[PDB]
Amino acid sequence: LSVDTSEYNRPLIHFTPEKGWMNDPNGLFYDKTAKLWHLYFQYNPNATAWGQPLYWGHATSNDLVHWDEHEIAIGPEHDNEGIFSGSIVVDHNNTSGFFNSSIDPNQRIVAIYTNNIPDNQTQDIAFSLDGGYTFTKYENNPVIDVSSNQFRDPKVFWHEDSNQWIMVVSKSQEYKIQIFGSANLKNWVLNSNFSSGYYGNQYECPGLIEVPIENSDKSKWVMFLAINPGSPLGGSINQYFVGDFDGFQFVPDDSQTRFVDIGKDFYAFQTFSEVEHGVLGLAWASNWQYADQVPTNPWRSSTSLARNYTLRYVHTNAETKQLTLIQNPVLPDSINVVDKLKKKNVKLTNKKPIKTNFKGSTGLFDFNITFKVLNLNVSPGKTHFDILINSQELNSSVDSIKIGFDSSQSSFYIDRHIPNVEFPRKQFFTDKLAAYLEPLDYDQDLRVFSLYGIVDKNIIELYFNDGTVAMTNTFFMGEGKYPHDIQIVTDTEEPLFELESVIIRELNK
């Protein structure tokens, strides 16, 4: 209660609850009449850790960066219980029978969630008559009960082609995504089971949505799947599958495993309902291994930025293209640019570092770099350049995290190691992570790559080659310290990298 780390630790444009604990994002939807984005979330107001009475918290935004936190939206019947993860749909034609002519068609809000009770997990529904701020639970809940304690996280959507509601839900420890159908939101029929990819310990938060292919009129169905624990990166992770859907079964185009984000801290991804023009979604920006131990107070956890999802044919090797999930952050004009550094066609050497020199710092920065790898033979320890994110010097010390690229490995890397900062379960807080990527393009024989990164006080999101792979990681600088300046450096005496374009900005909410 006495300790508030916000000044150096609290993101400016990632949603955080004012106080208490947050995990999975829930009930993501857009109110077309109010022009409002809704974020609900797994919420424990009573501690900075997971705990039951568990609630759906609630925040709204007009732009996906400025959030207004509201009163709790849904709560359990007993302190014994919790409103677990779930989604929202807008029942325009009152298929559910909950809504009058008094309720606007695009405000006919129905939440579908897991009700957690000792020894039981069921799918329940609730409706809102005030635009999603208060909910009335359905009298005949549960709408689905299969006598299981491992049965959770419904994502529901209206499937036009088969004229019905579809729910994807996990039968967690059976490693099945279960696809149900309903005309009602009330009466559900199990149509199929899907099992694939990286199993780990459990299936969680499934998703199923039609995603547009860039530069075309075509699309694919994409099944999303969260697993925790047992990620090959340790703890929790999201993966995806690309294929087709008929309203009854999902059929992947192949049997390959791919992760949505290859950072440590991107979990329980959900898409927004009622989005016209493409697919938008976000995740909980932490990892179950250490999420409840990180040195923030009086809150723990942020969401990721909202991201825009497309499919693109990209080279995964020099010979072969794969239809691949692309994501890029949603950053509206409402974000202010405090200051910026711009550079053009710079041949980087050890005597030519790029160094930001802004007046102060709000701890929110982005950098956008397009670079070419030149034909220069350099000693093996020097085939790289590095973006350094430095804090202010406090008590004679500067904390930094490093993002780099090695030309011999054709791989980006992060090193989020910060000495001296300790918290429980940091044995699982992996510091070094890498991402292999083929060139974005070729300028004659020269390999071209791009990188966009955004740093927001305790979270860095990296997007490689125009969103070809994304990597999300939190980081924890020592007390009082936060990002103040950015440097771009190399040890090569001659130029191995040309930065064709460098734009570094200090931003504000």
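Just count from 1 along the sequence shown to find any residue number.
Of 136-144 and 279-287, the stretch whose C-alpha atoms average the higher B-factor in the entry: Here the higher of the two C-alpha B-factor means belongs to 136-144.
Mind pulling up the entry and telling me whether 325-333 or 294-302 has the higher mean Cα temperature factor? Between 325-333 and 294-302, it is 325-333.
Per the coordinate record, which of the options 407, 316, 87, 184 holds the highest CA temperature factor? It is 184.
Between 228, 390, 150, 427, which one tops the list for C-alpha B-factor in the PDB entry? Comparing C-alpha B-factors across 228, 390, 150, 427, the top value belongs to 150.
Among the modelled residues of its chain, does the C-alpha B-factor of residue 457 lie in the lowest, middle or highest third? Lowest third - that is where residue 457 ends up once the chain's C-alpha B-factors are sorted.
Select lowest, middle or highest to describe the third in which the CA B-factor of residue 382 falls within its chain in this entry. Its C-alpha B-factor, which the entry lists for residue 382, ranks in the middle third among residues of this chain.
Would you please rank residue 35 by its C-alpha temperature factor against the other modelled residues of its chain and give the third it falls in: lowest, middle or highest? Highest third - that is where residue 35 ends up once the chain's C-alpha B-factors are sorted.
Third assignment of residue 272 from its chain's C-alpha B-factors: For residue 272, the deposited C-alpha B-factor lands in the lowest third.
Could you place residue 358 in the lowest, middle or highest third of its chain by Cα temperature factor, using the values in the record? Highest third.
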